[PDB]
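Before any questions on how it binds or moves, here is one chain, the form deposited in one PDB entry, in structure tokens.
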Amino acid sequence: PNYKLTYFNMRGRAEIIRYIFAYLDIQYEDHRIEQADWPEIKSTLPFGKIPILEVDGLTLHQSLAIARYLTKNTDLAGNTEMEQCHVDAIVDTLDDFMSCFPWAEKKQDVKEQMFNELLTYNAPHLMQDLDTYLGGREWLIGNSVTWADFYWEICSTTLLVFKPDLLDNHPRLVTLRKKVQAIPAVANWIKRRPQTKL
């Protein structure tokens, strides 16, 4: 099909979709917009939020709804319906946590203090839960990579910009990041993609 992804020049909420396209070797236009193109584009959107994906002219929204859509009937989705559920559950747990950050906060001091609170308390807690859930197993769910592993590497990459020692006491989670990053299609993508802070 013909696919067109629209988001800011940023990893953010679009990146999970970018990894999926890359891993599944699906071609798409990676359209990145600047703030100036936003009000213009926003008003055409049924819900006014990005990312959105247009597939043969039909517009789709919600990053995770779209990511799930793309992994349908592939091994990335989870091998059984039970695994697919654990994949969905791990993905929302991580997403619920990232949504806790005041990404849009205009007051720099408030933003800093809130980030520090979340990274000092909530983050190490969530990290112990993920570490224990993963155990000494290879991937978060089942015995092959799923887009939950993808989401983990993506969410952690962003949290590490702000608290670089976040995984210093979690070697098993660092190992998971490296396994994901080393998947050839993902390793390729990570090298080609635009460099942006978020």
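A residue's number is simply how far along the shown sequence it sits, counting from 1. Throughout, rigid core stands for the largest set of C-alpha atoms superposing within 1.5 Å between the two forms.
Visitor: Core-superposed in 6 other deposited structures of this protein, which stretch deviates more in Cα positions, 41 to 49 or 57 to 65?
Guide: Evaluated in 6 other deposited structures of this protein, the stretch farther from the shown form is 41 to 49.
Visitor: For a rigid core alignment of each structure in 6 other deposited structures of this protein onto the shown form, which stretch has the higher root mean square Cα deviation: 111 to 119 or 85 to 93?
Guide: After the core superposition, the stretch with higher RMS deviation in 6 other deposited structures of this protein is 111 to 119.
Visitor: Quick one: say whether 100 to 108 or 123 to 131 has the higher mean Cα B-factor in the deposited entry.
Guide: Higher of the two, by average CA B-factor, is 100 to 108.
Visitor: Averaging only over Cα atoms, indicate whether 176 to 184 or 6 to 14 has the higher B-factor in the PDB entry.
Guide: In the deposited entry, the stretch with the higher C-alpha B-factor mean is 6 to 14.
Visitor: Highest Cα temperature factor in the entry, among the options 142, 51, 136, 39: which one is it?
Guide: That would be 39.
Visitor: Take the CA temperature factors straight from the PDB entry and tell me which of 35, 156, 146, 62 peaks.
Guide: Among 35, 156, 146, 62, the highest C-alpha B-factor in the entry belongs to 35.
Visitor: Of the three thirds of its chain by CA temperature factor, lowest, middle or highest, which one includes residue 93?
Guide: As the PDB entry reports it, the C-alpha B-factor of residue 93 lands in the lowest third of its chain.
Visitor: Lowest, middle or highest third: which one holds residue 87 when the chain's residues are ordered by CA B-factor from the entry?
Guide: Within its chain, residue 87 is a lowest-third residue by C-alpha B-factor, going by the deposited values.
Visitor: Which third, lowest, middle or highest, does the C-alpha temperature factor of residue 170 belong to within its own chain?
Guide: Its C-alpha B-factor, which the entry lists for residue 170, ranks in the middle third among residues of this chain.
Not on display, but discussed next: the form deposited with a small molecule bound.
Visitor: Going by heavy atom distances of 4.5 angstroms or less, which of 173, 154, 145, 166 would be at the interface with the small molecule in the entry with it bound?
Guide: If I apply the 4.5 Å criterion carefully, the residue I get is 154.
Visitor: In the entry with it bound, is there a heavy atom of the small molecule that lies within 4.5 Å of any heavy atom of residue 99, even though the partner is absent here?
Guide: Residue 99: contacts the small molecule in the entry with it bound.
Visitor: I'd like to check something about residue 10: if you look in the entry with it bound, is any of its heavy atoms closer than or equal to 4.5 Å to a heavy atom of the small molecule?
Guide: Contact check for residue 10: yes, within 4.5 Å of the small molecule in the entry with it bound.
Visitor: Going by a heavy atom distance of 4.5 Å, is residue 158 a contact of the small molecule in the entry with it bound?
Guide: Residue 158: yes, in contact with the small molecule in the entry with it bound.
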